[PDB]
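Next up is one chain by itself, shown in structure tokens, the form deposited in one PDB entry.
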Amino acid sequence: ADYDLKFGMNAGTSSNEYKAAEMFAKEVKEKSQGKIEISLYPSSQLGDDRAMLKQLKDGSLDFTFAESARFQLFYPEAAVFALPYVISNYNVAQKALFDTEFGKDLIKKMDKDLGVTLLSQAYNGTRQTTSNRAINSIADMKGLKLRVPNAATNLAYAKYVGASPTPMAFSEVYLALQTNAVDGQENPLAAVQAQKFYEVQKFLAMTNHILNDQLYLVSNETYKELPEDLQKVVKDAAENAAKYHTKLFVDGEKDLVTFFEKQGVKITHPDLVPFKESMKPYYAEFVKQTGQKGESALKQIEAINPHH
């Protein structure tokens, strides 16, 4: 009521992201004694993630989600977070961001250059590929009309495996799939469930190509105005919500394959060696474009042990 704040997201009301944001909103309201109320704006009501990041910068939106990789729009080396097959697991994603020089620098720059404060990081699933025909091997990708988000790294995944990428906003995907304007898409299993893409896709291939994190971000214009006791409430609530957010994704990844099979989806397990070898020229291109900053980030990440 004193602070009527807004949290925008691309995800919808059935999603894990929305569930975690609800938990965050409820904890902030309770622990602030009602001084802060957070309203949720799902389903790209305020724009996509690129638009909502701009709104955080300007101070017209208070909170939003982004992947670490999405900062490639400003810092090309940050694409390293979404180079296909580079980041093996969430353990690596966490250490890449918080425990490398490159990641620490990125967090500083988001605050200083972009006016956003990183509150917490969660896991947001590993992307897989759905389609209207079976993907039994890399050969089946050739010429497949694959929807991707408006992001360079996803476009590259599609191009380098031989598909024909079609960029479009998340909100447009169900209808594109329903009408077969595209042949498939790619997203974590949880998003396939939340958006009901299983109603309009018969096949799911475990391509395991890009791992997504999720950052809880606040606008500096809003965070700086909170008394420090309320800043702590927001920070602590974001870290609690991120743990819950991660749990939701980890649990679903165990169970969701079975759910899809019961819904009539056929699951394939193509040999991933040719998918990985197909990305080698893209890694080369990334280093050529981003120079020593990129080569260095890639080496810092490749050094991380994936085992807990």
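In this text, residue numbers run from 1 along the sequence as written. Rigid core: the largest C-alpha set superposing within 1.5 Å between the two forms.
- Between 119-127 and 174-182, the higher mean Cα B-factor belongs to 174-182.
- Comparing the deposited coordinates for 108-116 and 200-208, the stretch with the larger average C-alpha B-factor is 108-116.
- Of the candidates 68, 64, 263, 240, it is 263 whose Cα B-factor is highest according to the PDB record.
- Residue set 214, 88, 220, 154: peak C-alpha B-factor at 88 (per PDB entry).
- In the deposited entry, the Cα temperature factor of residue 248 places it in the lowest third of its chain's modelled residues.
- The deposited CA B-factor of residue 298 belongs to the highest third of values across its chain.
- Ranked within its chain, residue 147 lands in the lowest third, by CA B factor from the PDB record.
- For residue 273, the recorded CA temperature factor ranks within the highest third of the chain's modelled residues.
- Per the PDB record, residue ranking by Cα B-factor puts residue 52 in the lowest third of the chain.
If you look for the form deposited in another entry, you will not find it shown, but the lines that follow are about it.
- A 2 Å or larger CA shift between this form and the one not shown, after fitting on the rigid core, occurs at just one of 201, 214, 117, 222, namely 201.
- Positional change of residue 235 between this form and the one not shown stays under 2 Å at the C-alpha, relative to the superposed core.
- After superposition on the rigid core, the Cα atom of residue 103 is displaced by less than 2 Å between this form and the one not shown.
- Relative to the superposed core, residue 275 undergoes a Cα shift of 2 Å or more between this form and the one not shown.
- A change of 3 Å or more separates the two forms for residue 45 and residue 147: their C-alpha atoms lie farther apart in the other entry.
- In contrast to the form presented, in the other entry the C-alpha positions of residue 271 and residue 300 draw closer by 3 Å or more.
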